[PDB]
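Next up: just one chain, as structure tokens, the form deposited in one PDB entry.
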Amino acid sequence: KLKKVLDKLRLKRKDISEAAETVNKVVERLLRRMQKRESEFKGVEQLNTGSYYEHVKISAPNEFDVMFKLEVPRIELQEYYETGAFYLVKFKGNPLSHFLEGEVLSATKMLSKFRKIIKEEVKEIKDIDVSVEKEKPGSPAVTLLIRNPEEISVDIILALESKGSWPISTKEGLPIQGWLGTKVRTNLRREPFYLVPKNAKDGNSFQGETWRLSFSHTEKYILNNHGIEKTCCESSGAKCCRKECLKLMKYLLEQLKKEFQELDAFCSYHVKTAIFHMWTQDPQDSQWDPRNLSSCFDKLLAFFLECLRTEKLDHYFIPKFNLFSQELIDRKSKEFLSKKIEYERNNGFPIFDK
């Protein structure tokens, strides 16, 4: 049965071809625009991210994530309160000076200009039906809506790229030592880290100047290199069911979110974070044999439910950042989700049949 669900979740190449062709055209055009000329974003480079490029996108290739990353040398980070994830950016006749607010590089000012330029360029596109979605307060994304004629959304994410050592709140994160190993962990942590203009929610409003850490590049690597054995899922190695379990859990949540508005606070990143923890807890590829899909999915569900119950789901890269804090998600919402998941779990997952 789970196999049948995975078959239906599996993307079709025809859909992939048609969607990628249009998405690539639109993005290539926006990127070229940024790169020329007298703009503060001139040196941005593209990094494709999220579920489509990690091969865990489900049902249809109808949502694409892409970062336009700007390398910003000599930036100084000040942790926003003790959040671990959120930062004020300051510096040691540059283009980003327009976005200053004191010594502080305002995420909001910079994102607003970035968004302005995207919109202007989108207006110039005549051969493709593309519009930009209304702004969502606090979000780092400029979201495009493409009609291909089928609906495809594309999040363009501005990011700052810093080549320095990662902020200390990440020091005991990425606990992959017994799974992917020490060389991998050390090498990953020598790569750049990113900041996206997602504002910290502070009480009733957002702090407009704040940025949030992003490890999209590291996560992409992990998804593509996820076995304790180097040949995991390769042509001369054994297939595991790690990604299949992730797809099923994402589907379960998507389906539940579709019919209950009280689940608005939950997102796929919660599921992705949960399974990162599970892959740490069960590092052996033998624990993710396709023959044991049902059992791996069940263990993931059990862990997720325990996260809910204990109101604790630590960010995988930033252990003191609790995604399931009361500040972020009300206890009642988490109890609501537990009930719905337990029900589906206890009754053969009827929601999988649409």
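For the two forms, the rigid core is made up of the largest set of C-alpha atoms that agree within 1.5 Å on superposition. Residues that one form lacks are left out of the comparison. All residue numbers refer to positions in the sequence shown, first residue = 1.
Trainee: Among the other compared PDB entries, is residue 93 dropped in a third or more?
Mentor: Residue 93: unmodelled in a third or more of the comparison entries.
Trainee: Could you bin the unmodelled part of the deposited chain lying between residue 134 and residue 135 as none, 1 to 3, 4 to 9, or 10 or more?
Mentor: In the record, the chain runs straight from residue 134 to residue 135 with none unmodelled.
Trainee: Please compare 192-200 with 169-177 and name the stretch with the higher mean C-alpha B-factor in the deposited structure.
Mentor: Per the PDB record, 192-200.
Trainee: Hey, which bit's got the bigger mean C-alpha B factor in the entry, 256-264 or 233-241?
Mentor: For C-alpha atoms only, the mean B-factor is higher in 256-264.
Trainee: If you check the C-alpha B-factor for each of 273, 182, 143, 97 in the entry, which is highest?
Mentor: Of the candidates given, the C-alpha B-factor peaks at 97.
Trainee: Going by the CA temperature factor in the entry, name the top one among 155, 161, 103, 219.
Mentor: That would be 103.
Trainee: Check where residue 34 lands among this chain's C-alpha B-factors and tell me if it's the lowest, middle or highest third.
Mentor: Highest third.
Trainee: If you rank every modelled residue in this chain by C-alpha B factor, which third holds residue 207: lowest, middle or highest?
Mentor: Ranked within chain, residue 207 CA B lands in the highest tercile.
Trainee: Looking at the temperature factor on the CA atom of residue 74, which third of the chain's modelled residues does it land in?
Mentor: For residue 74, the deposited C-alpha B-factor lands in the highest third.
Trainee: Lowest, middle or highest third of the chain for the C-alpha temperature factor of residue 247?
Mentor: Lowest third of the chain for residue 247's C-alpha B-factor.
Trainee: Using the B-factors in the PDB entry, rank residue 43's C-alpha atom against the chain and give the third, lowest, middle or highest.
Mentor: Residue 43: CA B-factor falls in the highest third of its chain.
What comes next is about the form deposited in another entry, which is not displayed.
Trainee: Choose, among 182, 205, 78, 224, the residue with a C-alpha displacement of 2 Å or more between the shown form and the other one when the rigid core is used for superposition.
Mentor: The displaced C-alpha is that of 205.
Trainee: What direction does the residue 318-residue 200 Cα distance move in the other entry compared with the shown chain, closer or farther, given a change of 3 Å or more?
Mentor: Relative to the shown form, the pair is farther apart.
Trainee: I want to verify one pair: residue 204 and residue 331. Are their C-alpha atoms nearer or more distant in the other entry compared with the form I supplied, knowing the change is 3 Å or more?
Mentor: Result: farther.
Trainee: With a 2 Å cutoff on C-alpha displacement after fitting the rigid core, which stretches of 3 or more consecutive residues move between the shown form and the other one?
Mentor: CA shift runs, sequence order: 93-95, 199-206.
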